[PDB]
Each structure stands twice: as structure tokens, then as C-alpha cells.
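Notes for the structure review
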Amino acid sequence: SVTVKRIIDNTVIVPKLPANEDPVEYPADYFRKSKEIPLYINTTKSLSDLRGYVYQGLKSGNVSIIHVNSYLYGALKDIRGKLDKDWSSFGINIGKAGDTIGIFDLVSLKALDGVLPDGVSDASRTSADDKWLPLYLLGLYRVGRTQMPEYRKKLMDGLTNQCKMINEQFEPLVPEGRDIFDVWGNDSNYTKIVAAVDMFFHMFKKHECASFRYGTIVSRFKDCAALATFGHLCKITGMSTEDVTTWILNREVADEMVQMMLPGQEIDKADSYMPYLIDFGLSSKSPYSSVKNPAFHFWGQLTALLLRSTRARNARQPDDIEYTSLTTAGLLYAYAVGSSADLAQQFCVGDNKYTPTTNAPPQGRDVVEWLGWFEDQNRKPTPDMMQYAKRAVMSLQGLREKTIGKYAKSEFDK
Amino acid sequence: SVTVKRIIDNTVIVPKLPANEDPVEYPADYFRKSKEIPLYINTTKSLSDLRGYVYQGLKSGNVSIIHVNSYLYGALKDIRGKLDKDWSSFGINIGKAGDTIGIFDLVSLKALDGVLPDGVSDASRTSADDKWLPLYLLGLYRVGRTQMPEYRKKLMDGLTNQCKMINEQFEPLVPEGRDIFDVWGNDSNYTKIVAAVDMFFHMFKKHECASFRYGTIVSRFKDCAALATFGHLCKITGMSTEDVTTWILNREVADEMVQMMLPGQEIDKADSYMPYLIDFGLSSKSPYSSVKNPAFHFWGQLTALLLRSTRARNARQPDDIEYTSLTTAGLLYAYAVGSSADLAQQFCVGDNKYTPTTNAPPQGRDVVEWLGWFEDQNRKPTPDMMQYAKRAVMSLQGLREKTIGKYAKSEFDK
Amino acid sequence: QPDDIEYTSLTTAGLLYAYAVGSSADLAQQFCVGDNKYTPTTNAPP
């Protein structure tokens, strides 16, 4: 199916569609071009003065993103963290034996020369610097991500985390809805500060300042939901990554899986640059998102739900995928995992036990056995499995519009 | 069918029709003649003065298109944008390794010498120049395109995008209906500024000023709707570009497809001149429009609709195409994709599964199998597929006059 | 409507042409992958 030809004259046509912006980019294929990640910390002038600049700025108004970045770099310039063994990623070396590397041990580079108020602000603010203020600035990135009334319930947990031998209060007052601190999300340099904080403390989990993580955590695997759903599927089915892979039954789910499992990406690595591929600006279009894995996401999350996931209840229903074909596939998988137990001997003392009506479903969880069974069922889902799917979806309550939960209850519980 | 002859005397007649203006032109066949794209920026006199000239002009009145062009070139003369790898299109080189190319790195050339008010206008306007005013001038091109009450709903989203660390207000007051800023559309030079802005930031997506894009986006693939509908068909059927191609069943859809898929056009290229073929004045008659692909557009969009597209609902019904023949073709395609699932094994562990009443439709989605089936159905659409077509179109609501949605519901839901 | 032409003869001709184009669809394969499909009551039209 490479070559297509016009039959009336015997000539060749080459089908080609307008590529949806940039391809997939990939983390690895980036470090092929550059060896560093540019952190443009603009002003490097007076660190004590900056503390007051951000404090008075945040207290209702337009605090400069350039300001807070300059502050965070000054406040988090702690060269703490005793390297346990060795640290290397995508070829870039960061640590050896007993190295004492800090948090900004990737590139810094100076930028611009335009600043706002000029010099020493209000000397009002005492130290209590590193202690809570950095937590807040990083904590607003977590709050800025969302857009529903969950904000005034996640900012609530912001204020109650700046009391760890601190206890102060709050700062701004204006409701979110993307307007105030949300500007920061689209700042290449800000996001780079948050990603380097999460990465540093993912390595140094036992560090005192590792509390900065919650607020900066939402950056690890940002736009990598498909990968998360693949892990969730393994946990919920109890099968191995290999077995689950063999249960892919649609062509365009296979494609997506292959896309996600490209060999040289360090996705299974403990402490890598890979999970921060977006916020470190390594990739303009993640290979691992739901958006670029729509068939896989729907299929995986539908099965997950039939199998009694509570996550899946509220997953997004993608657009432009073959719902009918995908849904019957997910049903077979879920029906197979749900019906009939395994029960096999695991350990012995030199003494084992070997194991070996008509429309009866197969013994175990092997794809080939079930595939053969589905053929003999006229390639249509049985009454038993439809009743299984019903039982699974009914008594789900208050499911939101455009979720897989809403799709699944509506499909299977008439 | 090349030669035709008169039978009574044995002489030759050559059928030939008056060609509808110019043929198809094509982007490639343009750079065969010229190596540059002329940008005639007339006046290159005083950039600070121009800021006031456009501001007071737009505040109700006739602001000169020559003025705003002179302004935009001055304001957007930012030589920003660090080139990632390499940039080349249709033979014209623009970038290499680590080049620092700006937004007007295609031709500029000076023009005329007639200007309006003379010298320094009102020094009223501060900087806030590049920050929001260029966004507006470019944003009026988006608003100018349309002609229905959608204007006062797309100009609403104009004003709310000039607040990104800006927040001002508005400018003119007069309703659109093509009269005020609509003149600009037919300005070769203005359209060239918008197209170079969209192209620059399609490459530099991560740039700060990339917000100018929304407003200038409607230029990428202007008059290339047929290409968009071909992509949409692939997404909605889930088939490949090659498979979809084989499902063309009308002679005049084949012709159109062939026209669109001409080999040397860079249509599948990431960052090319091709999508701006109209606004950069590369083509006087797009090969890729609905107007020049009427059979394909109708066929593609009808199928798309039967398959549950929400886009297609409101697509234009072209004129002078074989509705009857086209519609029965689209029906077969949609009926084939809708009925009967695929279900095939994708991955293995050295262990595969091979797959192999009377008027029963074919197994899968192969054209030959369905074509054979349609013959045996007396070359007329079955009751089952007519009932499929009904179910598909009924309960569609408020469909506009002269759309494919209106055609389809009226054909299939009596 | 012109003058001095054979309306009767002309009109029956036009009818045949229009009737032929209106009744019965075409439906033929246009593109392939090395895999074609060859196509081949009484007063039934052609």
C-alpha cells in the first residue's frame, strides 16, 4: 500500500495531506542539536531588593514575570544536595561520585536590560525568604494550570503549606479565570525554573526544601497522559506491559503505541529530562499526549472503566476516532479480564501440578483464544458481555459532559 | 477519446471550450519566473509619526492602507527568532544553522511618494507600540473576511486579546458589512504583511509575539478548503490517504484529486510558502479551493456527514455537479465504514491468529469487495443503507439554506 | 426560443440526451493498488 495509480491511463498519484504543524519532535532528537538548556535570567541586580519588588507587586497589581524569575534564581541558589551515586541524561552529564551540585546546574544565560521601579524597593520584608515565598511563586503555577472552581480549592491548599515553621497569610485577592498569574505559564524561563525545581527534588527527595515539589509536581509528565493511562491499564488489568500490548486490536491504536514506545527516549529512566520535555522547551508537540494518542487514550480508558477504574469515570472523550470499532474492542478486553479466574501454582518442593459448554468463553487471558472465540460469535458482542458492560456502567452517578464515563453509560445502559 | 470526426464526409472536428479565465497557476510554477516576493512598503519616513497617523485615522474615518503598512513594517521590524535548524522553500533560501532572521526576510522594495497629513502628527500616543497596535491592524483582516453577524462576535475576541499585559479599549464604531477596514483585503501589500507574520510565527511558535498569529491565522491555507476536507475525511473514516484515494468512484472526483496532488508543490511540508499562495500573490486561482474541486468537496463532505461529522453539517453545496451520481457514491462509502467492525491482532509473541447471509455486505473496507457487492445489488442502494442514511440525517436541527446538511436531510429523511 | 428550426425533431433529441444522463448512475473504480475490479428487463434502458 505504498504505491497508488490511476487506472484509466496508468499513471502514479502520491496521496499527501497537509501536516498538522510540526511532527512529534521527541526529547532525544533535541539534544542532537543543542547541548544545553538556556535559562535566561534577565536582571542579576540586588537580591534583597527583589524580595520587596515581588511582595509589593503581588499584593494586588501587575508583578513582573521577569522580576519573580530574578527572585527565584536568587532565593533558590542553594548549592545543596549531596549526589548519591551518578547523574546523567541524554548524554548531558550533571553529576559524579560525591558531587555537591545545586538546583541550577543547567545553563544560565543573562538577558535584556529593562527593569521597572529602580533600585531598592521597600525594605519592609525581613528574611523569611527561602522559607515560604519561593513555595508560593512556584505554587501559583499549579493553581494557574486549571480553569474551573477547583482553583479556590487548590489555592486553599497553597496557603496552608506556607506554615511549615512559618505561618504568615495570603497575598492577592482577584479570582483566577486566567488573567493574573496565569501569564507565567507561557513564559519559557518561568516554566524552566519550575521544572528544574521538580527535577532537583525528585532526585533529592530527602532534602528539607523538597516541600517546594507540591506545586511544581504538575510539571513532571505534563502532556504525557497517554503514558500514564498505559501504566494505569497495567495496574488495573494486572497484566504485564507485553501482554497488554498484545491486546491492542485496532490499527490506529497500534500506530500510537509504536509512536509512544520509540527506543531511545529514557521514559523508563529514574531521574531523566524526559518528563519535563514540555516545560524545559525540549518539545513543541509531545509524542505522549492524549491529543496525539486519541485512539489509545479512549480505548485504554474505556477498558479501564469497565474494569472498575474511578479515574476513568472523568476522562475526556477525544474527537475523530472510530468510536464503534474502538468500543467493541475495549469490551472484549474488559470482559475477558473480568470473567473466569486464573488460579495456578507458583512455588513447589519438587512437586508441581500440571493444569491440562460450547459457546463457553476461553479459559484465561490469551488474545488468540479470545480472538478465535469472537469469530465464532459472529464478530458481534454476546448477550453475556453486553450484560457485563451494563452492570459495569449503571449506578455510576453525576458524570460530566464529554467524558468517557458519559459515553460508556449512554452506550451500555439504555 | 482524443480524436472526434464528422461521419458524413470523414473530417476532423476539435472540441474546445472557452477557458474559465486563467488555468490553475500553482505555487511552484511561479518561482519558475521570479525569485523574490515584492513587498512594496511605500513611505519609509518617520516611524514614531506613523503611530499617531494610524491611531487618529482609525478613530472614525478613512485611515490610509498605505499608512498602516508603513507602520506595521516599522513596528514589526524586530529581527528576533533564533533559527532552530534550516529553512528553505521552493528553492528560495531563508535560513541556515544559527541564523538570527527577522520577519521581513523576504523582499522589500520602496514605492510611490504621495502621503496624506505631512510630518509629525499628534505626539499623543506613547510607546505601547509593538505591544498591541500591530495585533489590532492584523486582527482586522480576520474580522474583514466574514460578512454575517459573526463580525460583532469575532471583533469582541479582538479587543479581549489586546490586554496581554496591556489592557486599553477599542477604536472605530461603524458596523462592518464590507466598507471600513475591508478595503485592506484587496491590498497586495497588506495581505503580504499578514502572511509573513503568520509564516514567521508558525516557525517560531515559542516566540513572545506569536500571539499576533490569531487574527493572521486565517491566511494559512486560504482557498485550500478541498485539501482540508481530504484531511478531515481521513480523520473521520480512520483510513489512510491511499485507501481513501481508492474509494473515489466518480471520474470527475478523480480528476480533481489528481489536480490537487501534483508532485512538486510542498503541500506536506512543515514550514513552506505553499499555504500562503493566495495572500503572497503566488497564485491567481488556487488548485486547492472548493470552487475548483466541487465534485470532491461535495462527495467528501457528504460522506463525512453520514459518518457523523459536525463540520459538514454547514458546508456549502456547490453548483454544476452530478448530485445523484455523487450522492450514491458517498452513501456506499459511508455505509461501508459504518457497518461491521475490523478487529485484528496487532502485536504478538511469535504467536499470531490468522483470520480466514447471501445478500450480506462485505467483511471489511476494501473497495473491490464492496464494488462487487453493489453490482449484485442491481447497482441500486439497499433498504438497509437507505435506513442507515436516514438515521444519520434525521434529528439534525436548524440547518442553513444551500448547505450539504440541508441537501442530505432532504434527500434521505422524507 | 429561436425561430425557423425543427422544434419537434430537436426536442425529441434533447429528451433522449437528458433522459440518458438522468437515469442510471456510473459507479466505477478510479485508483488502485495493483488490484482493479472489472465491471462486465428487456425494454430496459442502456
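**Quick word on the overall build of chain A**
Helix and strand content of chain A: 14 helices and six strands. Here the C-alpha coordinates of chain A stretch approximately 85 × 65 × 55 Å along the principal axes. Taking all 414 residues of chain A together, the buried fraction comes to 50%. Surface exposure of chain A reaches about 21,600 Å², of which carbon and sulfur atoms provide 53%.

**What about the overall build of chain C?**
On a plain count of helices and strands, chain C comes out with one helix and one strand. When the backbone C-alpha atoms are referred to their principal axes, chain C occupies close to 55 × 30 × 10 Å. Per-residue burial for chain C yields a buried fraction of 11% across its 46 residues.

**Describing the packing of helix α11 (residues 323-338) of chain B against helix α12 (residues 367-375) of chain B**
Residues and elements named next belong to chain B. At a closest axis distance of 11 Å, the pairing of α11 and α12 adopts a crossing angle of 120 degrees. The pairing of α11 with α12 is recorded here as oblique in orientation. In the packing of α11 onto α12, the handedness of the crossing is right-handed. In contact with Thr328, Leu332, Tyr335 and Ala336 of α11, α12 contributes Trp370, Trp373 and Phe374. Of the residues contributing to the contact of α11 with α12, the split by class is six nonpolar, one polar and no charged.

**Thoughts on helix α10 (residues 294-306) of chain B**
Residues and elements named next belong to chain B. The end-to-end C-alpha separation of α10 is 18 Å, in line with the 18 Å expected for 13 residues at 1.5 Å each. Of all 13 residues making up α10, 13 are buried, and the element is well covered by its neighbours. Trailing α10 by a residue or two, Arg308 shows a phi angle of about 85 degrees, which is positive.

**Brief notes about the sheet that holds strand β1 (residues 31-32) of chain C**
Taken in spatial order, the three strands line up as β2(A)-β1(A)-β1(C) in an open sheet, and their pairing is antiparallel. Strands at the two margins of the open sheet, each flanked by one partner only, are β2 (11-13) of chain A together with β1 of chain C. Inspection of the sheet shows strand β1 (residues 4-6) of chain A paired to β1(C) by two bridges, in the antiparallel sense. Each bridged residue has a counterpart across the sheet, and for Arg6(A) the counterpart in β1(C) is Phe31(C).

**Observations regarding the interface of chain B and chain C**
Taken together, the contact pairs 20 residues of chain B with 13 residues of chain C. For the pair chain B and chain C, the two sides together bury roughly 1,400 Å², of which 60% comes from carbon and sulfur. At the junction of chain B with chain C, the criterion picks out zero salt bridges. Seen at the junction of chain B and chain C, the total is four residue pairs in polar contact. The leading source of residues in the side of chain B that touches chain C is α12(B), at five residues. The class makeup of the residues in the side of chain B that touches chain C is nine nonpolar, six polar and five charged.

**Quick look at the packing of aromatic side chains**
Counted by the stated rule, this structure contains 48 aromatic pairs over all chains. Measuring from centroid to centroid gives 5.9 Å for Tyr136(B) and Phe170(B), while their planes differ by 85 degrees, and the two rings are edge-to-face. You can see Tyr136(B) sitting in helix α3 (residues 129-145) and its partner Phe170(B) sitting in the loop between α5 (156-159) and α6 (188-203), a full 34 residues away along the chain. A relative accessible area of 3% places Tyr136(B) in the buried class. For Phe170(B), a relative accessible area of 27% gives the class partly exposed. Here the aromatic cluster, defined as three or more aromatic residues joined through ring pairs, consists of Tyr30(A), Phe31(A), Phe90(A), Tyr273(A), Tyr276(A) and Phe280(A). Geometry around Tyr55(A) places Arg125(A) over its ring, the cationic atom sitting 4.4 Å from the centre.

**Some thoughts on the nonpolar core**
Grouped together as the largest cluster of nonpolar side chains are 124 residues, with contacts concentrated most on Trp184(B), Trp247(B), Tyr273(B), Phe280(B) and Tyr288(B). Counting only domains with at least three residues in this core, you end up with domain 1 (36-218) and domain 2 (221-413) of chain B. Beyond its immediate stretch of four places on either side in the chain, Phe280(B) contacts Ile37(B), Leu106(B), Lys192(B), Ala195(B), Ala196(B), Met199(B) and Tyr273(B). Grouped together as the second largest cluster of nonpolar side chains are 118 residues, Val63(A), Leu106(A), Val253(A) and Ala408(A) included.

**Re a negative patch on the surface**
The grouping of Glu242(A), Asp243(A), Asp366(A), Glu369(A) and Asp351(B) at the surface amounts to a negative patch. Looking at the element boundaries, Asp366(A) is found in the loop between α11 (323-338) and α12 (367-375).

**Focus on the domain arrangement of chain A**
All names here are of chain A. The domains assigned to chain A are domain 1 (36-218) and domain 2 (221-413). Here the C-alpha centre of domain 2 lies 38 Å away from the C-alpha centre of domain 1. Each partner contributes to the interface: domain 1 provides 20 residues, whereas domain 2 provides 14 residues. In total, about 1,500 Å² of surface goes out of reach between domain 1 and domain 2, with carbon and sulfur atoms giving 58% of it. Summed over the three residues of domain 1 that lose the most area to domain 2, namely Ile37, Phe90 and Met199, the buried surface amounts to 34% of that side. There are zero salt bridges connecting domain 1 and domain 2. Elements represented by at least two residues in the side of domain 1 that touches domain 2 include exactly β4 (87-89), β5 (92-95) and α6 (188-203). No other element matches α6, which puts ten residues into the side of domain 1 that touches domain 2.

**Examining the side chain of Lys16(A)**
For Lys16(A), the location among the structural elements is in the loop between β2 and β3 (40-41). Buried and unpaired, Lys16(A) has no salt bridge, with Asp268(B) as the nearest side chain of opposite charge at 6.5 Å. Within polar-contact distance, the side chain of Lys16(A) engages the backbone oxygen of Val14(A) at 3.1 Å. Here the side chain of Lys16(A) touches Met261(B) through a polar contact of 2.7 Å, landing on its backbone oxygen.

**Some points on the interface of chain A and chain B**
Listed per partner, the contact involves 46 residues of chain A and 42 residues of chain B. In total, about 3,800 Å² of surface goes out of reach between chain A and chain B, with carbon and sulfur atoms giving 59% of it. Along the contact surface separating chain A from chain B lie two salt bridges. The closest approach of N and O atoms between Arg6(A) and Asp255(B), which form a salt bridge, is 2.7 Å. Where chain A meets chain B, there are nine residue pairs in polar contact. Taken together, the elements giving at least two residues each to the side of chain A that touches chain B come down to β1, α8 (241-246), α9 (251-260), α11 and α12 of chain A. Taken together, the residues that form the side of chain A that touches chain B break down as 21 nonpolar, twelve polar and 13 charged.

**What to know about the packing of α10(B) against α11(B)**
Residues and elements named next belong to chain B. At their nearest, the axes of α10 and α11 sit 9 Å apart, and the two run at 40 degrees to each other. Between α10 and α11, the crossing angle belongs to the class labelled oblique. Relative to α11, α10 is oriented so that their crossing is right-handed. Seen from α10, the contacting residues are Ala295, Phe298, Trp299, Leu302, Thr303 and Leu306; seen from α11, they are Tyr323, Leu326, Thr327, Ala329, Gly330, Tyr333 and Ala334.

**Things to note about the environment of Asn161(B)**
Residue and element names in this part refer to chain B. Inspection of the secondary structure puts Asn161 in the loop between α5 and α6. The sequence separation of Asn161 and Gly57 amounts to 104 residues, and the corresponding C-alpha distance is 21 Å. When near neighbours in sequence (up to four residues on either side) are disregarded, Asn161 contacts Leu135 and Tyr214.

Scoring rules and cut-offs
- Residues numbered from 1 in each chain as written, not as in the entry; some residues may be left out.
- Chains lettered and ligands numbered in written order.
- Part of a larger assembly, values for the part shown.
- Heavy atoms only, no water.
- Helix = DSSP H or I, 4+ residues; strand = E, 2+ residues; numbered from the N terminus.
- Buried < 20%, exposed > 50% of the residue type's maximum accessible area, 1.4 Å probe, protein only.
- Areas by Shrake-Rupley, 256 points an atom, 1.4 Å probe, with all protein chains shown as cover.
- Axes fitted to C-alpha atoms, helices over the stretch in contact; angles between N-to-C directions.
- Parallel < 35°, antiparallel > 145°, perpendicular 65-115°, else oblique.
- Left-handed = near helix turned anticlockwise from the far one by under 90°.
- Contact = heavy atoms within 4.5 Å.
- Nonpolar A, V, L, I, M, F, W, Y, C, P; charged D, E, K, R; others polar.
- Expected span 1.5 Å × (residues − 1).
- Pairing = 2+ DSSP bridges.
- Buried area = accessible area lost by both parts, 1.4 Å probe.
- Salt bridge = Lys/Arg side-chain N within 4 Å of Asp/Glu carboxyl O.
- Polar contact = N/O pair within 3.5 Å; in protein donor to acceptor, adjacent residues only side chain to side chain.
- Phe/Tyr/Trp six-rings, centres within 6.5 Å; stacked < 30°, edge-to-face > 60°.
- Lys NZ or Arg CZ within 6 Å of the ring centre and 35° of its normal.
- Core = buried A, V, L, I, M, F, W, Y, C linked by side-chain atoms within 4.5 Å.
- Domains from an automatic or database assignment.
- Patch = residues over 30% accessible without salt bridge, like charges linked within 9 Å, V, L, I, M, F, W, Y side chains within 5 Å.
- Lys, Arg positive; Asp, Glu negative; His and termini not counted.
- Charge placed at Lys NZ, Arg CZ, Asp CG, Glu CD.

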